[PDB]
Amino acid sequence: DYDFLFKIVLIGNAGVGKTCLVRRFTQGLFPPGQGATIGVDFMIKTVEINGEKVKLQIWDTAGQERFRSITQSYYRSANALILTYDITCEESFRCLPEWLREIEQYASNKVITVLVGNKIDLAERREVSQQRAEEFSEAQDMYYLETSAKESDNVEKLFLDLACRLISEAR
């Protein structure tokens, strides 16, 4: 048995690396030749946060617009949403207001949302500056972290810090 169970759902545009992120955390390896998610995928992992056993239930949703009505049906039952963009794609960033709008209608009003900028191993090809992203997230009152599923940068920290904050929330 665990001390806590939380339901985390990753969302964001197609191609931003939501799958490689979940899989790198949950399996410990960056998945080679990863293809687009069809519908929603589900993964599990139990983690120790300061002696507490926390089971994460993680839903990994399709980016592709055509699955969008179905991925949205998963929001209401989530404890947290990991909203994801790709630092090297300005449009995935520019989309974010629209995602927050969705989350407002379809997620629960107790949902925690974090923002992840993925693919920092490609930092020199970013199209959204660190400062832009931090200013957007300061405006949204949203925790922001820059990750690399590929090279592991901040992938563990992402979910372990969110678990810790979900613990505090449950108390």
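Residue indices: 1-based, along the sequence shown.
Between the stretches 37 to 45 and 111 to 119, it is 37 to 45 that shows the larger average CA temperature factor. Taking the PDB entry as given, 157 to 165 carries the higher mean Cα B factor of the two stretches 18 to 26 and 157 to 165. Highest C-alpha temperature factor among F67, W59, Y144, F136 per the entry: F67. Ranked within its chain, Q140 lands in the middle third, by CA B factor from the PDB record. Among the modelled residues of its chain, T71 has a C-alpha B-factor that falls in the highest third according to the deposited record. Among all modelled residues in its chain, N79 ranks in the middle third by Cα B-factor. The PDB entry assigns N50 a C-alpha temperature factor belonging to the highest third of its chain's modelled residues. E104: CA B factor in the highest third of modelled residues in this chain (values from the PDB entry).
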